[PDB]
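Trainee:
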Amino acid sequence: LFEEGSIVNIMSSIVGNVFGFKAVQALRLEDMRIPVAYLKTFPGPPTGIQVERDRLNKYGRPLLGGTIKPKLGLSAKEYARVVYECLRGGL
Amino acid sequence: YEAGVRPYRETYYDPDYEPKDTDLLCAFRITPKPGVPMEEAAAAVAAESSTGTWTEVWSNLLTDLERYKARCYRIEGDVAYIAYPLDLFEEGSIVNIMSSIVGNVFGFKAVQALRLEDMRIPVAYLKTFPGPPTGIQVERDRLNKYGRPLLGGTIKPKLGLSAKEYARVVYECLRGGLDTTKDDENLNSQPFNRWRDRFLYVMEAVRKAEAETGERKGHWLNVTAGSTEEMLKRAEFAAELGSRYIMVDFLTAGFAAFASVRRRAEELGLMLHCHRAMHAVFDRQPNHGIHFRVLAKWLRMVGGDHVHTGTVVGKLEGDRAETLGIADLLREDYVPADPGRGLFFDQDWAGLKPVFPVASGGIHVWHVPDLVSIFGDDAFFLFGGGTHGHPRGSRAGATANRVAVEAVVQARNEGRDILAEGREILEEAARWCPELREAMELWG
Amino acid sequence: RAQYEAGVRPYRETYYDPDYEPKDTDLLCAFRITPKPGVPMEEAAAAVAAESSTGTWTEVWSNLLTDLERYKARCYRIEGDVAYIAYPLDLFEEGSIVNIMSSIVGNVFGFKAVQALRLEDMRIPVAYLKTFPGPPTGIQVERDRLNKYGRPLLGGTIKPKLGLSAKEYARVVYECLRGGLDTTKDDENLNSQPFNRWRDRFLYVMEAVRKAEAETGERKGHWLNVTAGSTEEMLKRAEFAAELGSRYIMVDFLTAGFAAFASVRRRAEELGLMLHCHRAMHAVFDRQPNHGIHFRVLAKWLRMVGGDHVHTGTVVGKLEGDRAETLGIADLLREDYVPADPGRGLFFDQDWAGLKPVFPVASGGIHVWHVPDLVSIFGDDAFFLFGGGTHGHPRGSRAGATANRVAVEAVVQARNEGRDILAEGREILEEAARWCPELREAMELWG
Ligand SMILES: O=C(O)[C@@](O)(COP(=O)(O)O)[C@H](O)[C@H](O)COP(=O)(O)O
Ligand SMILES: O=C(O)[C@@](O)(COP(=O)(O)O)[C@H](O)[C@H](O)COP(=O)(O)O
Ligand SMILES: [Mg+2]
Ligand SMILES: [Mg+2]
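Chains as they are written, first to last, in the numbering used here: chain B, 10 to 100; chain L, 4 to 447; chain X, 11 to 457.
(1) If you compare alpha carbons, which of L/375, L/75, L/358 is closest to residue 19 of chain L?
(2) So what's residue 329 of chain L in DSSP terms, helix, strand or just coil?
(3) Between residue 451 of chain X and the rest of its own chain, which residues show a CB-CB distance below 8 Å, the 5 nearest in sequence each way excluded?
(4) Which residues, in order along the region 120-131 of chain L, keep a beta-carbon less than 9 Å from a beta-carbon of chain B?
(5) Can you give, in chain order, each stretch of the beta strand (DSSP E) that sits fully within the region 101-164 of chain X and has at least 3 residues?
(6) Return the residues of the region 25-39 of chain L that lie within a Cβ-Cβ distance of less than 8 Å from chain B, sorted by chain order.
(7) Return the chain-ordered list of same chain residues with a C-beta closer than 8 Å to the C-beta of residue 124 of chain L, the five sequence neighbours on each side being excluded.
(8) Could you pull the DSSP bridge partners for residue 262 of chain X from this structure?
(9) Helix or strand or just coil, what does DSSP make of residue 221 of chain X?
(10) Can you tell me where the beta strand (DSSP E) with residue 401 of chain X in it begins and where it stops?
(11) Closest Cβ-Cβ distance between residue 394 of chain L and chain X: below 8 Å?
(12) Okay, do the region 26-41 of chain L and the region 109-117 of chain L touch, 3+ Cβ pairs below 8 Å being the bar?
(13) With 8 Å as the threshold, decide whether the Cβ of residue 94 of chain L is near any Cβ in chain B.
(14) Which runs of the beta strand (DSSP E), 3 residues or longer, sit entirely within the region 379-418 of chain X?
(15) Here's the rule I'm using: 16 or more other beta-carbon atoms within 10 Å means buried, otherwise exposed. How should residue 63 of chain B be labelled?
(16) Ligand 3: which residues have Cβ under 7 Å from any of its heavy atoms, chain order?
(17) Against chain B, with Cβ distances strictly below 8 Å, would residue 390 of chain X count as a contact?
(18) Compare the C-beta of residue 160 of chain L with all C-beta atoms of chain X and state if any pair is closer than 8 Å.
(19) Identify the contact partners of residue 17 of chain L in chain X, using a Cβ-Cβ distance below 8 Å as the criterion.
(20) With a cut-off of 8 Å, does the C-beta of residue 81 of chain X fall near any C-beta of chain A?
(21) DSSP three-state label for residue 446 of chain X, please.
(22) Measuring alpha carbon to alpha carbon, tell me which of X/240, X/339, X/233 ends up nearest residue 93 of chain L.
(23) Since residue 42 of chain X is in the alpha helix (DSSP H), which residue starts that stretch and which ends it?
(24) Which residues in chain X have a C-beta closer than 8 Å to the C-beta of residue 60 of chain B? List them in chain order.
(25) Are the region 230-239 of chain X and the region 180-198 of chain X touching by the rule of at least three beta carbon pairs closer than 8 Å?
(26) What does DSSP give as the partner residues of residue 77 of chain L in its beta bridges?
(27) Who are the Cβ neighbours of residue 133 of chain L in its own chain at under 6 Å, not counting the five residues just before and after it?
(28) From the beta carbon of residue 157 of chain X, is the nearest beta carbon of chain L less than 8 Å away?
(29) For residue 198 of chain L, verify whether its CB is less than 7 Å away from any heavy atom of ligand 2.
(30) Under a three-way DSSP split, which group does residue 428 of chain L fall into?
(31) Under the assumption that residue 439 of chain L contacts residue 375 of chain L (Cβ atoms under 8 Å), give the Cβ distance between them as a whole number of angstroms.
(32) Ignore the nearest five residues each way along the sequence and tell me which others in residue 248 of chain X's own chain have a CB closer than 8 Å to its CB.
(33) Less than 8 Å between the CB atoms is what I'm expecting for residue 283 of chain L and residue 120 of chain X, so what's the real figure, rounded?
(34) Name the one or two DSSP bridge partners that residue 372 of chain X has.
(35) Verify whether the separation of the beta carbon atoms of residue 4 of chain L and residue 49 of chain B is less than 8 Å.
(36) In this structure, does DSSP put residue 4 of chain L in helix, strand or coil?
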């Protein structure tokens with residue numbers, strides 16, 4: 010029933026129309042079992058956990074991140090100087 | 004880490020292993036070196052095709068080798084079954100299959116002979132392949148011919164005919180009653196018959212014959228060449244001329260180039276006919292090589308609308324039972340295993356559309372009762388030399404072949420037995436067909 | 011309206027010409043025939059020549075629209091059991107191996123008239139051979155690129171064949187390269203799998219190749235396998251290997267098909283990439299001496315279409331190989347004119363019309379003890395590959411590479427002194443290991 014290698018179809022068939030019926034006042038898709046046959050038609054992540062960690066040369070600890078704030082308003086010049094402070098300081 | 008030579012059968016022989024539904028199971032017929040045990044040779048094939056080498060290496064410990072190794076789980080005295088983990092294979096590439104299973108293990112010294120009799124493609128792996136571009140059901144609508152085998156014919160002589168004279172034989176056959184004709188397997192772009200002139204001429208002959216008979220005729224133009232960048236150039240020209248069909252030798256042109264042509268052939272809206280040239284270097288000796296049913300599976304996986312399966316009664320060797328099993332592998336959607344018909348494994352085809360089996364060879368009117376019985380109505384019959392060898396030309400020959408098939412098919416729909424009353428049926432047909440009478444007199 | 015004499019005629023009538031003389035532009039094919047009980051040797055030979063040419067099982071009416079004698083092949087000799095057949099030059103397309111392998115071997119191998127049939131050899135005429143490009147780089151240009159003269163170049167296959175991730179694959183590659191090996195290569199099974207995808211393997215191994223060049227000071231390479239399921243994919247992997255700075259790509263030409271191989275070879279020339287060719291799935295052809303195509307024919311077809319490397323097979327390894335016939339293939343790949351020699355299996359003189367030579371690659375189940383015998387067979391212009399003989403060393407891969415390099419250096423240097431090789435290879439190795447600890451552990455384990 011599903012086109013190979015297309016999430017758009019699996020979410021067009023299952024959660025497309027059934028949620029809006031009068032006969033059901035509420036409907037939640039709790040989980041889903043993707044078969045192995047349908048799983049080999051998808052590429053998966055480009056890099057993954059191991060390739061990313063090697064590409065950064067960081068091991069044995071969680072990787073620190075951060076989001077630049079305020080999330081709107083800063084000009085590109087002032088936006089970059091905040092980025093420099095975070096990365097230089099330890100993120 | 005321990006180093007040194009160890010026997011294969013202590014790592015790759017697992018008689019208690021149970022095959023999964025995501026394993027490529029292969030059945031090998033093995034002739035070990037005198038002295039080498041039967042199970043020892045079986046393990047050498049399993050190791051040296053998946054993850055093995057003649058000595059233990061320090062780099063085995065870097066992987067969970069039990070997760071990837073192939074292992075022989077069953078031996079029937081002479082046939083060793085080997086199971087291949089799913090992760091060993093690249094998605095949507097027959098070439099990787101034929102580089103792993105049949106890539107390196109045939110040249111060993113421990114095995115005096117090795118034949119890949121049959122193989123099992125799991126559904127998980129089979130969903131990564133496109134399958135035939137059109138299939139049997141779509142093509143019959145595209146040609147508007149139902150309820151009978153579709154009649155074709157190879158244009159003879161094999162080489163020599165100039166572009167104008169070649170297009171005259173094509174028009175004679177199609178006007179006579181053949182549904183399609185085809186370029187020969189070795190007729191690509193020779194100096195006497197260049198392709199751009201052959202393509203232009205025979206397509207005028209196809210349209211002219213199609214405009215007179217009122218039916219839908221076609222010609223299988225041979226686009227095989229020395230490179231993919233040239234086959235694609237020839238395939239585009241055939242589509243721009245209005246032809247429905249093209250033709251590729253999918254074994255002499257290889258599988259990567261064939262898969263590249265198939266992708267374009269679908270984009271251009273062309274049926275793709277696959278000639279199996281060189282197949283007999285592989286599937287001839289019953290003790291070494293690769294059985295055709297393995298190559299027949301690979302064709303449907305990568306996608307071919309037609310395939311030569313080989314007539315049982317022609318001039319080319321083929322087995323009555325084995326051809327029946329291959330015909331099922333190309334048409335049905337699930338083929339249960341059958342030891343009599345040569346099959347070793349169940350093959351679920353996962354919704355891949357069927358393939359026309361093409362029966363070609365040294366077949367004439369007399370072989371029609373045998374061809375219709377073996378193949379049914381979902382097949383092509385090719386009368387290359389049985390059409391042009393008629394004592395009165397090709398248009399007369401194409402009529403005799405056409406009348407013989409319809410007489411046998413209609414008399415089969417009448418409930419009459421074919422394998423016993425073929426001679427009588429053909430004689431009653433010849434009583435009113437003059438062309439068939441000459442063809443039956445000349446041959447046999 | 012002539013009503014040609016119809017019917018079925020014996021092939022011997024119009025396709026066997028014992029008085030024919032082959033022109034210097036015809037293609038000569040030598041077949042080893044095993045005809046039916048009852049079918050004569052002359053008829054089976056004529057049947058082979060007819061169905062690889064204008065012939066057909068019956069007399070067609072269109073035989074009178076052509077001058078058949080211009081185009082028809084004919085068996086001009088039967089030497090007891092071998093039938094020589096001559097094909098006119100006009101029968102074939104210019105610069106396409108596919109057409110000749112669709113005519114000579116396309117259809118004749120599965121006839122009910124012949125129980126078995128082997129294409130022993132052929133003679134590609136200079137007129138036909140001039141239409142082919144040949145190898146992109148060759149032997150002499152390659153040696154300049156690697157800057158390694160006067161010895162057989164050393165390589166190896168990373169093992170195990172499948173299972174290693176790209177992080178651990180490059181770790182093994184670096185260990186072999188750092189230890190002396192001039193080259194390594196992706197195994198033929200390793201195209202692009204979930205455990206080792208191609209875009210991650212290409213990046214990781216070439217970081218090791220670049221790294222190994224820094225410490226050693228020599229120039230190393232890795233034969234990246236670009237084989238894929240389609241020509242466009244095989245090419246797409248070729249530019250990625252090209253832009254990473256790789257000197258090398260690798261193709262399974264027999265499995266990928268000669269058309270896709272010729273498409274890759276054109277690109278490999280445009281990107282300045284040497285092109286190692288792996289002969290995987292060859293023994294399906296050239297194993298049984300009664301049916302198939304001998305490998306010397308596929309070695310000819312390779313040099314025509316063009317490949318810098320090819321496996322010819324060690325005589326003493328785990329894979330099959332004949333001492334005399336392997337020498338013939340080495341000459342048939344490296345030389346420029348090969349006189350016919352019945353001892354070496356060569357039937358026709360082959361002039362190569364200025365096509366540049368090819369490295370014969372000797373790979374299989376070989377180790378240090380096989381070095382003296384390999385040097386005797388192949389000489390200097392060859393590649394020696396130790397895949398299980400390098401990583402199978404008791405003390406790792408870098409130690410295994412050192413022992414293999416020391417063995418070849420000692421044997422070649424002893425050959426250059428006039429000392430015999432075959433008789434005292436064991437000696438040469440013993441007083442070469444007397445100063446190298448790794449070579450002692452190499453010969454201690456094997457033998
Ligand atoms: O070359 C030939 O003989 C044909 O043109 C038939 O001509 P006739 O009809 O005159 O025999 C066919 O291509 C081969 O028979 C293919 O056989 P397969 O399908 O086994 O490859
Ligand atoms: O798959 C292998 O075994 C190899 O990688 C060798 O590894 P080892 O050196 O560890 O055996 C070679 O590709 C084959 O031997 C090819 O043989 P040929 O060159 O005769 O085709
Ligand atoms: Mg043909
Ligand atoms: Mg290998």
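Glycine included, C-beta positions come from ideal geometry on N, C-alpha and C.
Mentor: The answer reads as follows:
(1) Residue mapping note: residue 19 of chain L aligns to position 16 of the second sequence, counting from 1. If we check each option's Cα against that of residue 19 of chain L, L/75 comes out closest.
(2) Translated into the one-based positions of the second sequence, residue 329 of chain L becomes position 326. If DSSP states are grouped into helix, strand and coil, residue 329 of chain L belongs with the helices.
(3) The count along the third sequence starts at 1 and reaches residue 451 of chain X at position 441. Counting only Cβ-Cβ distances below 8 Å, and skipping sequence neighbours, we find 403, 404, 405, 409, 413.
(4) 125, 126, 127, 128, 129, 130, 131
(5) 124-133
(6) 25
(7) Stepping through the second sequence from its first residue, residue 124 of chain L is reached at position 121. Result list for residue 124 of chain L: 27, 300, 304, 350, in chain order.
(8) Counted from its first residue, the third sequence places residue 262 of chain X at position 252. Beta-bridge pairing links residue 262 of chain X to X/288.
(9) Indexing the third sequence from 1 puts residue 221 of chain X at position 211. In this structure, residue 221 of chain X counts as helix in the three-state DSSP scheme.
(10) By 1-based counting over the third sequence, the position of residue 401 of chain X is 391. Run containing residue 401 of chain X: none in the beta strand (DSSP E); it sits in the alpha helix (DSSP H), 398-401.
(11) Working through the second sequence from its first residue, we reach residue 394 of chain L at position 391. Answer yes: the Cβ-Cβ gap between residue 394 of chain L and chain X drops below 8 Å somewhere.
(12) yes
(13) Numbered from 1 along the second sequence, position 91 holds the residue referred to as residue 94 of chain L. So, interface residue.
(14) 393-395
(15) Walking along the first sequence from the start, residue 63 of chain B turns up at place 54. The residue is buried, with at least 16 neighbouring Cβ atoms inside 10 Å.
(16) L/157, L/161, L/187, L/188, L/387, X/117
(17) Stepping through the third sequence from its first residue, residue 390 of chain X is reached at position 380. Chain B contact via Cβ: absent.
(18) Mapped onto the second sequence, residue 160 of chain L falls at position 157. Yes - at least one Cβ of chain X is within 8 Å of the one on residue 160 of chain L.
(19) Residue mapping note: residue 17 of chain L aligns to position 14 of the second sequence, counting from 1. Those do not exist, as residue 17 of chain L stays about 17 Å from chain X at its closest Cβ, beyond 8 Å.
(20) The question asks about chain A, but that chain is absent: this structure's protein chains are B, L and X.
(21) Here residue 446 of chain X corresponds to residue number 436 of the third sequence, with the count starting at 1. Residue state, collapsed to three classes: coil.
(22) As a position in the second sequence, residue 93 of chain L is number 90, starting the count at 1. Checking every option, the nearest Cα to that of residue 93 of chain L belongs to X/240.
(23) In the third sequence, residue 42 of chain X corresponds to position 32, counting from 1. Segment 37-45 is the beta strand (DSSP E) holding residue 42 of chain X; no alpha helix (DSSP H) there.
(24) As a first step, residue 60 of chain B must be located in the first sequence, where it is residue number 51. The answer, in chain order, is 176, 177, 210.
(25) yes
(26) Taking the second sequence and counting its residues from 1, the one referred to as residue 77 of chain L is at position 74. According to DSSP, residue 77 of chain L bridges with L/84.
(27) Locating residue 133 of chain L in the second sequence gives position 130, where the first residue counts as 1. Cβ neighbours of residue 133 of chain L beyond the five flanking positions: 306.
(28) Your numbering for residue 157 of chain X matches position 147 in the third sequence. Closer than 8 Å: no.
(29) In the second sequence, the residue the question calls residue 198 of chain L occupies position 195. No, Cβ of residue 198 of chain L sits at least 7 Å from all heavy atoms of ligand 2.
(30) Looking up residue 428 of chain L in the second sequence gives position 425. Reduced to three states, the DSSP call for residue 428 of chain L is helix.
(31) As a working mapping, residue 439 of chain L is identified with position 436 in the second sequence. As a working mapping, residue 375 of chain L is identified with position 372 in the second sequence. No, residue 439 of chain L and residue 375 of chain L are not in contact; Cβ-Cβ is about 15 Å, not under 8 Å.
(32) Looking up residue 248 of chain X in the third sequence gives position 238. Counting only Cβ-Cβ distances below 8 Å, and skipping sequence neighbours, we find 236, 259, 274, 277, 278, 281, 283.
(33) Here residue 283 of chain L refers to the residue found at position 280 of the second sequence. Here residue 120 of chain X refers to the residue found at position 110 of the third sequence. Sure, about 3 Å apart at Cβ, within 8 Å.
(34) Counting from one through the third sequence, the residue named residue 372 of chain X turns up at place 362. Paired residues: X/394.
(35) Translated into positions along the second sequence, residue 4 of chain L becomes position 1. Translated into positions along the first sequence, residue 49 of chain B becomes position 40. No; because the gap between Cβ atoms is not below 8 Å, this pair is not in contact.
(36) Indexing the second sequence from 1 puts residue 4 of chain L at position 1. Note: residue 4 of chain L maps to coil in three-state DSSP.
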